[PDB]
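Q: Questions regarding the structure given below will be posed in turn.
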Amino acid sequence: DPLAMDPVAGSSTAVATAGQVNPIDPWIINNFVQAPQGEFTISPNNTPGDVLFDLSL
Amino acid sequence: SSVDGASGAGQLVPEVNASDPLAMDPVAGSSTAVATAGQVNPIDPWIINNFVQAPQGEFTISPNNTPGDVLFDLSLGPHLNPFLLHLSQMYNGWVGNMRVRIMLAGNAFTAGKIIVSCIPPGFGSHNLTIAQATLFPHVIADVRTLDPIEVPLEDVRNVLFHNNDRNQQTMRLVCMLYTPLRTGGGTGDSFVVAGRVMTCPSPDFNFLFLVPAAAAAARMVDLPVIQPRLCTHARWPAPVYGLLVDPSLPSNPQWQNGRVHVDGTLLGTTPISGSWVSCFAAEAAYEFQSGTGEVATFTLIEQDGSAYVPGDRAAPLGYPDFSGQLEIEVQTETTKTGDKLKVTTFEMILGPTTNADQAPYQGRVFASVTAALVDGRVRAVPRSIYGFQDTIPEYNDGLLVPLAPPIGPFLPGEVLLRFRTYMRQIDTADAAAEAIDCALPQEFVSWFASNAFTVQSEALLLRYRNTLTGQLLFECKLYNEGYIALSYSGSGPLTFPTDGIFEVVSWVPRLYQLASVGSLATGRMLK
Amino acid sequence: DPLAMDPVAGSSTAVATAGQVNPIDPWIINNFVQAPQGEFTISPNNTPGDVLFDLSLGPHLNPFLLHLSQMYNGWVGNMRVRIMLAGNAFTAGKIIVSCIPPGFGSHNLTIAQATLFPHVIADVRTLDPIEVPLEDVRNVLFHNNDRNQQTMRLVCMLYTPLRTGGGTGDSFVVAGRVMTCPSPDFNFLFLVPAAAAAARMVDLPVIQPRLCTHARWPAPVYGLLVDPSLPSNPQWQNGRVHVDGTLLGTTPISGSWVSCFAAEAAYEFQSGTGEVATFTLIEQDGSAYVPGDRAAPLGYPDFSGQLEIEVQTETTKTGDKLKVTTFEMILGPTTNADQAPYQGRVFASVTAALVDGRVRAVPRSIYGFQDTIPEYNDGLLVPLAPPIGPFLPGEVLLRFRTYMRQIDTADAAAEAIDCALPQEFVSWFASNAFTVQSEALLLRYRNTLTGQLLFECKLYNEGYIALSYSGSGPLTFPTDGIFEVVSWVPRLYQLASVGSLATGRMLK
Amino acid sequence: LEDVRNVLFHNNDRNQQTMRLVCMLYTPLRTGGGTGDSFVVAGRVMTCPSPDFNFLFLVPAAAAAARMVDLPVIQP
Amino acid sequence: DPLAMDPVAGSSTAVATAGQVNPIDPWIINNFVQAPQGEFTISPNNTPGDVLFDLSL
């Protein structure tokens, strides 16, 4: 099954009113990097409901 | 959204559940109500397809469970979906079908099957055996099945649509264990299968009338967890020492202190402070009717120093509500540091006798200097009693006076629960403890006057329990008019441990039958 | 006339940025319902300029919307307000309803300035309602569920003085009602399960001090005062509780326990002249006393001097024969020197200067009182509730006061004894076990009858009340006399102190 | 007054639960002036059926009452 | 303002179940007459919350 979300636009919105729209080095553009809080472990001791991780865009 | 481990689950468990269709025809949705409902209220399309965890969303299977055990019993309604439930509070009525999805996925090592059956409204409640469940349109599934089983909860209706009352009977989905659960492998008995139930409304489903969202009040009064032996007595200023019932005492006492209703209504001369109990304040002087100034004339004031006016109770607050001869100690009132103090002892007669002065109700009482010093404003506290009788004094010298009513009534076999303390009674060659009872400890008096709870029926069912040991000692009825009853047949004062917490209950009609417990003798056989 | 404003856009802004744009039931769209803040009153007591009501745009202005608010996390749109006045032909006056844009802040506006905003004026006599559109002036794309957001507001003020004529009954007030419904531009945003989430707080019982029970001597409370010349940080063991319900010291639940004890009593013979009762203390509910984490059995006296006690056979059942003897017991340290309530053993002497087995002792008078703690453990450290305090500079303890009979010896006279809360408040906090959220509560002491505010004060969470007072100088207060919470209140909250109740002032 | 129904229609039975109209005093009545407490606001309720209204089965049921017991208002 | 309700259907429901569907005189259809429970009174003796009348369809 899919994700219950409609895709959201990117820079499309900014163009019209931001002063500049600065691009990023393409090498970063799709290179998967580990996040700071990127580690967690699931032991048999955890109960359903325990939080493994939290993230903010 | 859903990602079953198919990819890595090997082929140890069945993906999809192979089962014969439901022996049941499809049911119509909103189409019915369209013509007679005042409105047909559409719901957010996003809710229409999201399978969300129902409020009754969890269940567990374990090897302790025996076939027949009900894992969950769902009754058709908005209360089966969290979003719908919230919208429910805003509408009056609904019609439509629900889509239910039960989730299982135990280890490849577990074996077992459950059965879900749809029960038509109008069948009623009956304990179904696993074999009975088969008689209803049903579905059976192996606990290992990866993909969630989907079962449509059809809205079988006799009428066009539903309203939000108790007169409604909807279709049910009962899920029971079909075969015992047994884990194989290195059986970790901590292993139980954790099930999940998710639902989403079928597009047929619709809410009906817009209504004032809300109307779910529930003001439930509670009691404080204070043991009786930690409490203050409400009719004599001492700790509570005893907790008992005693069918041979007067059954309907006319106590003026320690009276309050569950709703907070204080009665009689009942004071808020237990320091006021059985005490008075006055301006004191020595008139001369006989002319031998041994008699103090006390013009009563209220004990917080304010003026006493004859009103709608028998006397100033906390003034004694019993008879006999009271020894009082009378001291200059304390207003400020350095107020010089005189302290005299007197005997005052509380009862009717006899040609015959004394009318606390009018504001005037006489005591005599146990000649058998102090004046201006004084405070009198009780020192001992002589010839106690637990009947009310003559408050208004023969005339009718305002009185809280006798305590009662009680059902047949019900008797008053007594909180008890001891007065010093004197003699005259011998002081000995004398019992005096009241209907609630002063802390409960203050508690109810302060909470002003809303009362919803005629009495509250309480349990008296030892919270330490856990032991339930008894049950009892706290009538709204502020007295507690037990059912007891003995003759026969019966005494209870004072350590000793009360818990509400219920509401409880007034003809609620309590358990007598007590004969701890089951005297008979059988076999 | 129409408002001096251009139509404000609705959902069209937050389309490419919110995750969802959620529409509402069109039946709500134009049904005018009474807003939760739907009532106000105008009376001759009001003065032109008084703000009858201040509304701020948001779904919280409509009951239906409000109910939906618990389901979504954002919103955008304009509403519509309608106001009604139930006036007479005797009520002359005008009201101003002005729209204040976000960002303006808060200022005191004269009726004249109130006119400078898009507004609507109405005579209090009108039978018909007044309608004003509440536009969603935005600086941002949309709004989130946050009442810290600055949205457009509607302020209603009395434009001219209310002047009732005729047989002027000052009990006459004009009833006002506010109603709203969302303009079709209104849209909720993200669908969040957020359906339920509240909290709680602490309250105090509305009992006046002079109706209360004292917590350190068993008598009614008679006095309410502060007194900078008394010991500022007393080490009271009774009448101690925290706002959270934590009882301290020897503090009992029942005020009948206060300054009383129970024991098994006997007459040993160290001197050998059996005038000395030896009391092996038990708790007053008849249970065994064990030396523990407080100084003595519950309610045992927490002061010194020489206490006259009356000791009676314990009452267990009707017919228990009773003996009653009077003794003098010394509470203070002195001196070579026995007495350790903490260990469970104290001695009194038959004011020879009868009873045994199990007894109960209640206080009869005090001789040489000093309000310092007795020597509970004969020289050794003992568990103690801490001194009361601290207090900010200029803050002093609020005292509940009662009087002991002190004896003499040719003269009994009242002697003052103070405590930090009445026993009813002791019981109240132990029973409620409130959750505490900061360091103290701001309370007002008020006459609810007359309405008069007497003072403000700080109830520290550790269970004692402070006032700011500079005098030197016991200052006494009326005892009739209700306390109200407040706030929370940081510990450095500055209280108000006082002035010379004379107001008059001259133009000069 | 809408006919909110759970069933197809209604029978002559006043034990049936139909939609109701409750009138309440929303705010306290406050008479001013020379307050004559003998003053009451008279209220009247009037109705007529919406064109959706229809009676159902034609029954000769034309007459059917009963009686009861009363006591004379004579003081003891 | 209008009631927060959707129009409710009339006879259309009981057509295939009642033995007859009987119409009424259109002159009654819109003539406002005093209901048998047509009177009530409000006085200062009443307190907000008092039910002045309770009608059932």
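Q: Hey, can you tell me all the residues within segment B:271-306 that are under 21 Å from B:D321 (Cβ atoms) and touching an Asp or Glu at 6+ places or on another chain (Cβ under 6 Å)? Lay out the reasoning, then the answer.
A: Start the filter on segment B:271-306 by keeping residues that are under 21 Å from B:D321 (Cβ atoms), which leaves B:271-282, B:298-304, B:306.
Matches in segment B:271-306: B:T299 only.
Q: Search segment B:336-364 for residues being hydroxyl-bearing (S, T, Y) and over 27 Å from C:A412 (Cα atoms), and hand back the single one that is surrounded by the most Cβ atoms within 10 Å (Cβ to Cβ).
A: Of the residues in segment B:336-364, the ones hydroxyl-bearing (S, T, Y) are B:337, B:344-345, B:353-354, B:361.
Then keep just the ones that are over 27 Å from C:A412 (Cα atoms); that gives B:353-354, B:361.
Details: B:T353: 10, B:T354: 8, B:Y361: 26.
Only one residue tops the list, namely B:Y361.
Q: Go through (1) out of contact with any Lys or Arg (no Cβ under 6 Å at 6 or more places or on another chain); (2) within 14 Å of another protein chain (Cβ to nearest Cβ) one by one and return the number of the condition B:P409 breaks.
A: Answer for B:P409: the failing condition is (2).
Q: Among the numbered criteria (1) over 29 Å from C:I28 (Cα atoms); (2) within 13 Å of the chain's Cα centre (by Cα); (3) within 14 Å of chain B (Cβ to nearest Cβ), which single criterion is violated by E:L57?
A: E:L57 satisfies all of (1) over 29 Å from C:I28 (Cα atoms); (2) within 13 Å of the chain's Cα centre (by Cα); (3) within 14 Å of chain B (Cβ to nearest Cβ) except (1).
Q: Name, by its number, the condition in (1) part of a loop (DSSP other than H, G, I, E, B); (2) farther than 30 Å from C:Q20 by Cα that does not hold for C:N139.
A: Unmet for C:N139, out of (1) part of a loop (DSSP other than H, G, I, E, B); (2) farther than 30 Å from C:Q20 by Cα: (2).
Q: Could you list, in sequence order, all residues of segment C:183-201 that are within 14 Å of chain B (Cβ to nearest Cβ) and not polar (S, T, N, Q)?
A: In the first step, residues of segment C:183-201 are kept if they are within 14 Å of chain B (Cβ to nearest Cβ); the result is C:187-198.
If the condition is that a residue be within 14 Å of chain B (Cβ to nearest Cβ) and not polar (S, T, N, Q), then C:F188, C:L189, C:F190, C:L191, C:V192, C:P193, C:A194, C:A195, C:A196, C:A197, C:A198 are the ones that fit.
Q: Same structure again: What is the one condition in (1) among the charged types (D, E, K, R); (2) in a loop (DSSP other than H, G, I, E, B); (3) more than 26 Å from D:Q16 (Cα to Cα) that B:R99 does not satisfy?
A: It fails just one condition, (2).
Q: Going by the structure shown, is C:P333 crowded, with 20+ Cβ neighbours inside 10 Å and touching a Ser or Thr at 6+ places or on another chain (Cβ under 9 Å)?
A: Numbers: crowded, with 20+ Cβ neighbours inside 10 Å: no; touching a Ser or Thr at 6+ places or on another chain (Cβ under 9 Å): yes.
No, not satisfied.
Q: Conditions: (1) surrounded by fewer than 17 Cβ atoms within 10 Å (Cβ to Cβ); (2) closer than 27 Å to C:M71 by Cα. B:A108 meets all but one. Number of the miss?
A: If we test B:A108 against (1) surrounded by fewer than 17 Cβ atoms within 10 Å (Cβ to Cβ); (2) closer than 27 Å to C:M71 by Cα, just (2) comes out false.
Quick grid of which residues meet (1) assigned to a loop (DSSP other than H, G, I, E, B); (2) crowded, with 24+ Cβ neighbours inside 10 Å:
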| position | (1), (2) |
| --- | --- |
| C:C181 | no, no |
| C:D185 | yes, no |
| C:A198 | yes, no |
| C:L204 | yes, no |
| C:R216 | yes, yes |
| C:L224 | no, no |
| C:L230 | yes, no |
| C:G245 | yes, no |
| C:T250 | yes, yes |
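Q: In segment B:304-318, what residues are touching a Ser or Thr at 6+ places or on another chain (Cβ under 6 Å) and away from every other protein chain (no Cβ under 14 Å)?
A: B:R313, B:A314, B:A315
Q: To continue, here is another question. Look through C:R401, C:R444 and report the one residue that is basic (K, R) and within 30 Å of C:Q339 (Cα to Cα). Before you say what the answer is, go through the steps one by one.
A: On the way: C:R444 fails: within 30 Å of C:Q339 (Cα to Cα).
Sole residue among the options that is basic (K, R) and within 30 Å of C:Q339 (Cα to Cα): C:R401.
Q: How about segment C:38-70: which of its residues are at positive phi and crowded, with 21+ Cβ neighbours inside 10 Å?
A: Hit for segment C:38-70 is C:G58, nothing else.
Q: Can you pull out every residue in segment B:58-87 that is in a loop (DSSP other than H, G, I, E, B) and more than 13 Å from every other protein chain (Cβ to nearest Cβ)?
A: Of the residues in segment B:58-87, the ones in a loop (DSSP other than H, G, I, E, B) are B:62-69, B:76-77, B:81.
Correct list: B:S62, B:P63, B:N64, B:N65, B:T66, B:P67, B:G68, B:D69, B:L76, B:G77.
Q: Looking at A:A9, A:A14, A:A4, can you tell me which residue is closer than 24 Å to C:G19 by Cα, surrounded by 10 or more Cβ atoms within 10 Å (Cβ to Cβ) and within 14 Å of chain B (Cβ to nearest Cβ)?
A: Working: A:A9 fails: within 14 Å of chain B (Cβ to nearest Cβ); A:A14 fails: within 14 Å of chain B (Cβ to nearest Cβ).
Among A:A9, A:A14, A:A4, only A:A4 is closer than 24 Å to C:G19 by Cα, surrounded by 10 or more Cβ atoms within 10 Å (Cβ to Cβ) and within 14 Å of chain B (Cβ to nearest Cβ).
Q: Note down all Cβ pairs under 6 Å where the first residue falls in segment C:107-121 and is closer than 24 Å to C:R82 by Cβ, the second is among the hydroxyl-bearing types (S, T, Y), and they're at least six residues apart or on different chains.
A: Sorted first by the residue in segment C:107-121, then by its partner, the pairs are C:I111/C:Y159; C:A114/C:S98; C:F117/C:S98; C:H119/C:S98.
Q: Return the residues of segment C:464-501 that are within 14 Å of chain B (Cβ to nearest Cβ) and either at positive phi or in a loop (DSSP other than H, G, I, E, B) (or both); say none if nothing qualifies.
A: C:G473, C:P474, C:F477, C:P478, C:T479, C:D480, C:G481
Q: Name every residue in segment A:17-54 that is among the polar types (S, T, N, Q) and either more than 14 Å from chain B (Cβ to nearest Cβ) or under 15 Å from the mean Cα position of the chain (by Cα) (or both), in order of residue number.
A: Within segment A:17-54, the subset among the polar types (S, T, N, Q) is A:17, A:20, A:22, A:30-31, A:34, A:37, A:41, A:43, A:45-47.
Hits for segment A:17-54 are A:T17, A:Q20, A:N22, A:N30, A:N31, A:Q34, A:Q37, A:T41.
Listed here are the residues, each with its yes/no results for (1) in contact with a strand residue (DSSP E or B) (Cβ under 9 Å, 6 or more places away or on another chain); (2) of a type in the set (A, V, I, L, M).
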| residue | (1), (2) |
| --- | --- |
| B:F209 | yes, no |
| B:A216 | no, yes |
| B:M220 | yes, yes |
| B:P228 | yes, no |
| B:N257 | yes, no |
| B:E283 | yes, no |
| B:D304 | yes, no |
| B:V309 | no, yes |
| B:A314 | no, yes |
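Q: Here's a check for you: in segment B:252-268, which residue that is in a loop (DSSP other than H, G, I, E, B) and of a type in the set (A, V, I, L, M) is surrounded by the most Cβ atoms within 10 Å (Cβ to Cβ)? Quick ask: steps written out before the conclusion?
A: Here is the first cut: in segment B:252-268, the residues in a loop (DSSP other than H, G, I, E, B) are B:252-259, B:261-265, B:267-268.
Checking which are of a type in the set (A, V, I, L, M) leaves us with B:262, B:267.
On the way: B:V262: 24, B:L267: 19.
Here the residue is B:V262.
Q: Go through segment B:143-173 and count every residue that is touching a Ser or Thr at 6+ places or on another chain (Cβ under 9 Å) and farther than 28 Å from B:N92 by Cβ.
A: So the count comes out to 5.
Q: Please name all residue pairs, on different chains or six or more residues apart, with Cβ atoms under 6 Å, provided the first residue is in segment C:221-249 and is under 19 Å from C:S470 (Cα atoms) and the second residue is among the aliphatic types (A, V, I, L, M) and assigned to a strand (DSSP E or B).
A: Close Cβ pairs satisfying both conditions: C:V226/C:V396; C:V226/C:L467; C:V226/C:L475; C:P228/C:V396.
Q: Out of everything in segment C:187-218 that is out of contact with any helix residue (DSSP H, G or I) (no Cβ under 8 Å at 6 or more places or on another chain) and of a type in the set (F, W, Y), what residue ends up being nearest to B:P237 (Cα to Cα)?
A: C:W217
Q: Please go through segment C:412-463 and give me each residue that is within 11 Å of chain B (Cβ to nearest Cβ), in a helix (DSSP H, G or I) and of a type outside the set (A, V, I, L, M), ordered by number. Before the answer, list the steps.
A: Looking only at segment C:412-463, we keep the residues that are within 11 Å of chain B (Cβ to nearest Cβ), and these are C:412-418, C:422-428, C:430-433.
With in a helix (DSSP H, G or I) added as a condition, the list becomes C:423-428, C:430-432.
Hits for segment C:412-463 are C:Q423, C:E424, C:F425, C:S427, C:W428, C:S431, C:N432.
Q: If C:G19 satisfies all but one of (1) of a type in the set (G, A, S); (2) buried (at least 19 other Cβ atoms within 10 Å of the Cβ); (3) over 30 Å from C:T160 (Cβ atoms), what's the number of the condition it fails?
A: Failing condition for C:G19: (2).
Since every read-out is calculated from the coordinates, none of them should be taken as a lab result. Every residue, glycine among them, receives a Cβ derived from its backbone with ideal geometry; neighbour counts consider all protein chains shown.
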